[PDB]
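The structure tokens that follow cover one protein chain in two forms, given apart as structure 1 and structure 2.
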Structure 1
């Protein structure tokens, strides 16, 4: 068990994880123009990137694809210096390119720690049983969720689990798919508040989610300690949060019975890609639970804002009603899974000692989100949209397998997906000034017979932006308006959809010899023209925000992460694949 825990850390797996990461650093740091890979007169596509001092040479072959994409080949990479080849080590790579990459003295050590954790997790993932794209689909919703291996396709340091010890990682990382029980707390009402959504009320919500039997048992616990149950609320907490933060950092709250530990949940939960959010494995119909988890990101503590909980359910109600009343959206089948209830806790002493940004204000909250399962009709299947870019050990993406099992010509397949996922983004932008953060982890696709029926969006309250400062919204919702410069409004599509998802989906489907790049992008223009066709009432906005402009700005995600703490790092422009 001492050794069992650390068994995934082996030389052979470490070496593979390091090669795979250096492959992604080369491919992604190039795209963001941190370094410009020189050609070498060898093949028509052999390149070299050198270290700060010029002595170490990383040599690789790469296929250059649309949107400045670099399909670097992992087996080709070589680290050479003074004539002799060296081991490919992600840690040495970032050191030797310390200055080239903009890694400052202050941040490089913590960045190497996030890098080591990401490599650890690849190593764990490399010990799981090998499963094919077909295999993941036969497994189902959570097979896909916990079978994702890449993570966010832009960030090189993307799957850190810093703050988990090795035993805590094995117990809580989504890639391990271990069941987890939440810890239930009673929070005293002088410091905790419960906000309900449309048609939710606390009394019955808690009954339908815990069981009359458990609520009684909990209410009994409180009476045993001389506390009136009517003075408290239930908060679910992540066990790591309880044992490591709440019981120590919030001991003043425990000791004064502002917080009372009621015990574990009887249901078993499974961590999603988000880490902090749990799917109810025992009863998939029940709500997801999003918890507060103070793990580390670049040495800064994460968490869940309690101040934001008061307005999350209302914002969701607003977006849900918005979607139900718009026929362009209803026709696409678009749905959100709403945050239906939330509860936030104010540690008043920490509050007086901090500003509205402290992670101490973010250490205890929770919200519940509708499960997507009960909507499913006969023969319909769920998948994280992230799977479309997931690749087999055999080289087959789940997108590729889906296209295959569907029997459709790839273009017809792509067009159903674009119509369910990409059309609503267009309509949100032009008709409501609405924008999202719609990447693979925030989107779920409903599947029938291998073809994408419709899309579900999750976690909208946190990310949603109405780009109209004067917009006329209900009161609890006006906090989502923002003043976005004109030349930047359209990067919600250009950056978040095209440059951060499609660029990989298109590049992966071409190297898979399934769909050529030019067809993919031609489909994306066709769907765009299909939408704008239908709405000449917006032709002025279609011109004012030209989805067919020849260039747009290059927005570099890894550069955002290396600067640390609209602050975007734009560096020149990209040739728009949609230009004709």
Structure 2
């Protein structure tokens, strides 16, 4: 693949830039989580300083403080000083010099640095991409936006590690390189593998729509060639990294015994979405997304897919589809989900016998399909990940910025359209149904027309939603998602997932962009809040129980999670135990 081209993106110039960007983000987000407390340096108003563990090295910087204990740290401003000499900005030396101040044990530190190095390299890659503007992105379309994204999750410092990719694999498989990928297809023996269909899915028809009859006959022929009966098998699509580095070695027994048969590559070409392991069908965008098991470490979790949980997945999706059709409060917000319509799972009996339930060895071979948001589009409508709204091009324009311009409306009017599609349905789900999501940039998609947010689309459902009412009534396979979550924390699904981690940045980007000041931003949030509350007094009891207008709420720290344990940020059985709450934040709705 050419040894030297592979590492061409790693030049001194781009590494210096990438390092400055990442340190500025480590200052902003670690001050926000109070891991350090910058002190006003010398006698300057906006100048602050942060010192190393020993206090001999000083990171001086200027910054602009904003709502929700935000720190707009100016990348250009940062310096590193020790014994009266400048030193170079180095993200690694940074985490090492602050290792006791941050939560970094001798056991976690070296791997964290791998994740830092890995993220920095991806910034070096993105810096070699042709610069595109906010206008250029929207002109490109849905996938130009997906791959155009550069930040990632805006809270996590080490957010694009992808530990397990070699540099060639990085270039092949990272979403931000937009290189086509062809899926590897397996035949899996039904003594180990299970196809779980959603409402109205037939297997023999599903795979023929999703591969074409000609490919289906060919796969069945590969089986017949080996003396095997296609009726004993089902199909599983696997990520090529999984098949070459993991399945073909760890599952060698299954392949050799013909519990698994390697069939070939897919004729359609897929592109990795921001979540890496999920694939949009580029050849045929009408067709399904494909989510895949990928035993690689990104942002606090390994990204294997539990075959156990695949059994429950299409049912949970079916039920929230039925829920949203049958509730005209939500139908009024155009809110929909792209249902995880089908799944497959391989149960490896030997590794089950050898592991516990929460073992990565059980999440190595599983896949789900997901509806496409495309054929649902009416004339004039477009797609975009909502993580675009906090993307700032090389000119200082946000996609939000360009969308507000292009719509022509007053900023607060455009915004009102956005939260009526995106934010309001969350409110109604919590209050009227006890239903929370994980609705950040990656998990949300917005329909656009004429520059204005027509409706929202949600995804990553079964894995992520919680129903916070152990006693509430549900169908059987849905009852998994219930949980006893502390009362004081029940509202963090809005406070931290929506305000501290998205609006905090959106409001603050539009403020520096001089498009909408923070006060006018948050006032609009309150006004669509009351607009929903007053329209439904039959829940005023819960309205007061869970007061979204309280003068303070808990500061839940996200990085602090990953510094504590960056292979499993939270136990999945008790997700509430691992949270780290360090003080409070002035609610901007006061």
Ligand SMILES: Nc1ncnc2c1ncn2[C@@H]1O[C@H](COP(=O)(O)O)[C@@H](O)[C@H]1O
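Under this definition, the rigid core comprises the largest set of C-alpha atoms superposing within 1.5 Å between the forms. Positions refer to the first chain, counted from 1.
TODO: Specify the structure that is the form deposited with this ligand bound; exactly one of the two qualifies.
DONE: Comparing the pair, one sees that structure 2 is the form deposited with this ligand bound and the remaining one is not.
TODO: Compare C-alpha positions between structures 1 and 2 after fitting on the rigid core and state which of 510, 115, 301, 107 moves by at least 2 angstroms.
DONE: None of the others reach 2 Å, which leaves 301.
Open item on the list: Given a core-based superposition, decide whether the C-alpha of residue 544 shifts by 2 Å or more between structures 1 and 2.
Closed with: No, residue 544 moves less than 2 Å.
Open item on the list: So, superposing on the core, is the move of residue 45 at the CA at least 2 angstroms between structures 1 and 2?
Closed with: Stays below the 2 Å threshold, so no.
- [ ] Fit the two forms on their core, then tell me the C-alpha shift of residue 483 between structures 1 and 2 in angstrom.
- [x] Value for residue 483 between structures 1 and 2: 0.2 Å of C-alpha shift.
Open item on the list: Please give the CA displacement of residue 161 between structures 1 and 2, in Å, after core superposition.
Closed with: Residue shift at the C-alpha: 1.7 Å.
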